[PDB]
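Working notes for the structure below.
Proteins get letters first, then strands, A, B, ... in listed order; numbering begins at 1 in each. These numbers come from the heavy atoms of this one structure, side chains and all, not from hydrogens, waters or symmetry mates.
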Amino acid sequence: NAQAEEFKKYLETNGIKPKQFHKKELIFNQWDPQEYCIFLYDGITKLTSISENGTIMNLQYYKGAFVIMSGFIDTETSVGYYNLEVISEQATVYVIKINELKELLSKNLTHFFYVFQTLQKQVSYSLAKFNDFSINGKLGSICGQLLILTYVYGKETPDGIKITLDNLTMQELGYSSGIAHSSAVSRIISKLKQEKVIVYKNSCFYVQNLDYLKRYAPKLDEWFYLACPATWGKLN
Amino acid sequence: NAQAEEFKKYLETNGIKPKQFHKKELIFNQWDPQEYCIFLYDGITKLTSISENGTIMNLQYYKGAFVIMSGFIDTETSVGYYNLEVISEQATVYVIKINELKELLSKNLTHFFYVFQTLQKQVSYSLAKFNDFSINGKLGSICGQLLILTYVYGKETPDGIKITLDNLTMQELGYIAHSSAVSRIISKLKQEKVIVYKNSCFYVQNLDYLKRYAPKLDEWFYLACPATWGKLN
Ligand code: NA
Ligand code: NA
Ligand code: NA
């Protein structure tokens, strides 16, 4: 990712050093009024909101390289009461107080535009997820998350396209698909195994009918085509 | 909206003339190879998509002043096969090809920040909507839509918060097109006197009910539009 590598160099040039966070840590949290720009260089995170009774809502997932901003660039105040939780074993992030970010994007407009484009990717991703759910419901949701994982992490094996993630849990897959309880995920994962679309072997999902996933997540497939054409092309 | 007025003046300063569109016209469409930045100065629009059947899906609504970009700012290519359709009688828009937007935002970072912040508001809005649907389902979505009409178009009166939007437009925004499930939810809120018809107008009489079932969109409006939130709270 050439833009992300150039942005990394720009940050280090300007004294911003990488930080390692481990699984379950909150890079930023919903109770902290100091807001941040997070450059997630490596690893997997999720945006959450925690209710007063302790229920955790999973709102969005991100993988490095990406940018997540907890405050508005102009007002420096919260864009929502959100946490950014590490779900990979480790994540590498560059943390920039929001008051400092304006200065930096101001002096290099190439990187201003790299960060702008990431917001556009979020917005359109959310719309595509909404569109697929409206058409195909929870099946579309789960098919879409399996599809993106296949594009990003898939490896061709004799067993199918293996999604090469450690501890890709049934529960985390449902959360990324907007489904909060395991009953609905089991029923759909059951149908997908029954119809021989996926298989579960060495703690990993293998995709054996990629066309089926594309069929039921058409707007997320189109999002990936439009936003990540080189990666989309590996399996089309 | 002071920031938006400054942006309008900056566009005109750089030679960009407003265009007028009418209800049901497309400001941009999903088939055009060229992408645009739309400064929607006045009016109401919706983002639409089409499945293979020819079925139209309503994805998002925008009211002036706002910024809608159909392509990525760096690559200038589509962010999605989307159309932008006018819902009000008329809309006033400024249309900027994406390559020219970058030159404009480069030269005045105040305006760069304005467009960047509007994109941040859009991102958080989508997440708030998703959070409220995930908690309260279609009731959360509908209460959220009604909550935004109340905050954006509402004025306090002795009969409640009058929605100061023409009745034609206001029925559309309350809501794929014309879901029976949505109609039943809306008419249940009316039946329960959350929103009431009186002397040719509609009045929100139970704002607390809307806030209860769209709590994340309520927080979004407090954080993103605090002065508009404050008027009615
Ligand atoms: Na925070
Ligand atoms: Na277009
Ligand atoms: Na107030």
Side-chain angles (χ1 to χ4, degrees), chain A residues 59 80 123 126-127 129-131 133-134 178, chain B residues 23 40 43-49 56-64 66 68 84-88 91 121-155 160-197 201-225 228-229 231-233:
Chain A
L59 305 173
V123 179
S126 289
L127 291 168
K129 277 199 286 200
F130 173 69
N131 201 338
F133 175 78
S134 298
Chain B
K23 186 172 183 173
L40 171 63
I44 302 169
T45 59
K46 54 170 179 189
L47 195 75
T48 66
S49 70
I56 315 278
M57 181 78 64
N58 299 328
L59 296 167
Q60 201 91 287
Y61 298 81
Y62 314 95
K63 82 145 193 88
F66 208 73
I68 304 97
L84 184 69
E85 183 178 341
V86 180
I87 287 289
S88 40
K121 286 188 187 164
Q122 220 191 321
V123 168
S124 46
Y125 179 91
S126 279
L127 293 173
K129 285 228 303 176
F130 174 70
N131 200 322
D132 284 344
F133 176 84
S134 303
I135 299 169
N136 296 316
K138 295 154 184 194
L139 176 60
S141 297
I142 294 305
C143 286
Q145 294 173 32
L146 291 173
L147 185 69
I148 304 304
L149 284 183
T150 302
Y151 285 151
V152 173
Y153 296 107
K155 308 300 166 94
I161 303 173
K162 178 174 171 179
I163 310 305
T164 72
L165 185 63
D166 59 274
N167 289 346
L168 290 166
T169 307
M170 194 204 304
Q171 301 275 330
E172 298 188 25
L173 307 187
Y175 295 67
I176 297 178
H178 287 310
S179 158
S180 77
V182 164
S183 293
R184 286 184 187 292
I185 294 170
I186 292 170
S187 290
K188 191 178 190 211
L189 301 168
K190 296 175 162 171
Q191 203 288 325
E192 296 164 354
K193 300 187 287 257
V194 176
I195 180 167
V196 170
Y197 182 80
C201 299
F202 288 92
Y203 300 83
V204 177
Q205 299 203 328
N206 197 346
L207 176 62
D208 291 327
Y209 189 94
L210 300 180
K211 290 166 64 73
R212 168 176 174 170
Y213 290 102
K216 298 307 195 172
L217 187 58
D218 197 31
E219 291 184 344
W220 175 85
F221 210 88
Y222 168 77
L223 294 169
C225 317
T228 300
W229 187 89
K231 283 156 183 214
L232 294 181
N233 277 282

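Under a 3.5 Å cut-off, the side chain of B:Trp229 and the backbone N or O of B:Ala224 do not form any donor-acceptor pair. Of the possible polar contacts, one joining the B:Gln145 side chain to the B:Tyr175 backbone as a donor-acceptor pair under 3.5 Å is found. Between the side chain of B:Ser88 and the main chain of B:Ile44, a donor-acceptor pair closer than 3.5 Å is present. A donor-acceptor contact shorter than 3.5 Å is absent between the side chain of B:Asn136 and the backbone of B:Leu139.
Considering all non-hydrogen atoms of both residues, B:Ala91 and B:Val86 come closest at CB-CG1, 3.9 Å. Across every non-hydrogen atom of B:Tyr209 and B:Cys143, the tightest pair is CE2-SG, 4.1 Å. The two atoms that bring B:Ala214 and B:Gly140 nearest to each other are CB-O, 4.0 Å, heavy atoms only. Heavy-atom minimum distance, B:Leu84 versus B:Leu47: CD1-N, 4.3 Å. Across all their heavy atoms, B:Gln205 and B:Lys193 have their closest contact at CB-O, 3.7 Å. For the pair B:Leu149 and B:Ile163, the tightest heavy-atom approach, listed with the atom from each and the gap, is O-CD1, 4.2 Å.
Between the NZ atom of B:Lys155 and the NZ atom of B:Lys162 there is a distance of 10.0 Å, given to the nearest 0.5 Å. Atom CG of A:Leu59 sits about 11.5 Å away from atom OG of B:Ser124, to the nearest 0.5 Å. One finds the CE atom of B:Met57 at 5.0 Å from the CG atom of A:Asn131 (value rounded to the nearest 0.5 Å). Annotation: the span from B:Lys190 atom NZ to B:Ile185 atom CD1 amounts to 13.0 Å, rounded to 0.5 Å.
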Review point. Is there a side-chain contact (heavy atoms from CB on, under 4.5 Å) between B:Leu165 and B:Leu173 once you walk through the steps?
Key: CA-CA 10 Å; B:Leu165 185 63; B:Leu173 307 187; 3.6 Å; yes
Exercise for review: Go through the steps to decide whether B:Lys63 and B:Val152 satisfy the test side-chain contact (heavy atoms from CB on, under 4.5 Å), and finish with yes or no.
Suggested key: CA-CA 9 Å; B:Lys63 82 145 193 88; B:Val152 173; 3.4 Å; yes
Point to revise | Residues A:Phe133, B:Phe133; criterion ring-ring contact (aromatic ring centres under 6.0 Å, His included); working and verdict | key: CA-CA 12 Å; A:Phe133 175 78; B:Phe133 176 84; 5.5 Å; yes
Exercise for review: Report the C-alpha distance between B:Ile195 and B:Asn206 in whole Å, list the side-chain angles of each, state the deciding distance to 0.1 Å, and finish with yes or no for side-chain contact (heavy atoms from CB on, under 4.5 Å).
Suggested key: CA-CA 7 Å; B:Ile195 180 167; B:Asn206 197 346; over 6 Å; no
**Study point:** CA sep, side-chain torsions, deciding dist, call: B:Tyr125, B:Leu217, side-chain contact (heavy atoms from CB on, under 4.5 Å)
**Key:** CA-CA 7 Å; B:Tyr125 179 91; B:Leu217 187 58; 3.8 Å; yes
Check your understanding: Should B:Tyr151 and B:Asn233 be marked as a side chain to side chain donor-acceptor pair (under 3.5 Å) after you check the CA-CA gap, both sets of side-chain angles, and the distance that decides it?
Key -> CA-CA 9 Å; B:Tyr151 285 151; B:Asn233 277 282; 3.0 Å; yes
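Within the 4.5 Å cutoff, no side-chain heavy atoms of B:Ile161 are placed close to those of B:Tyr203. Contact of the B:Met170 side chain with the B:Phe202 side chain is registered, since non-hydrogen atoms from C-beta on lie closer than 4.5 Å. A heavy-atom distance below 4.5 Å is not found between the side chains of B:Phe221 and B:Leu147.
Ion pair B:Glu219/B:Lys211 not flagged as a salt bridge, since none of the NZ, NE, NH1 or NH2 atoms sits closer than 4.0 Å to an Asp/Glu carboxylate oxygen. Taking a cutoff of 4.0 Å between a charged side-chain nitrogen and a carboxylate oxygen, B:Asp132 and B:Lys216 do not qualify as a salt bridge.
Ring orientation note: the planes of B:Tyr62 and B:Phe66 are close to parallel, at an angle under 30° on the 30°/60° scale.
Taking the ring axis of A:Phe130 as reference, the NZ or CZ atom of B:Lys129 stays within 45° of it and closer than 6.0 Å to the ring centre.
For B:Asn58 and B:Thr48, the side-chain atoms include no donor-acceptor pair closer than 3.5 Å. In this model, a donor atom of one side chain and an acceptor atom of the other lie less than 3.5 Å apart for B:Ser126 and B:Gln60.
Residues that satisfy the ring-ring contact (aromatic ring centres under 6.0 Å, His included) test with B:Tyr153, not counting sequence neighbours, are absent from this structure.
Atom NZ of B:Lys138 has 12 or fewer heavy atoms from other residues, nucleotides or ligands within 6.0 Å.
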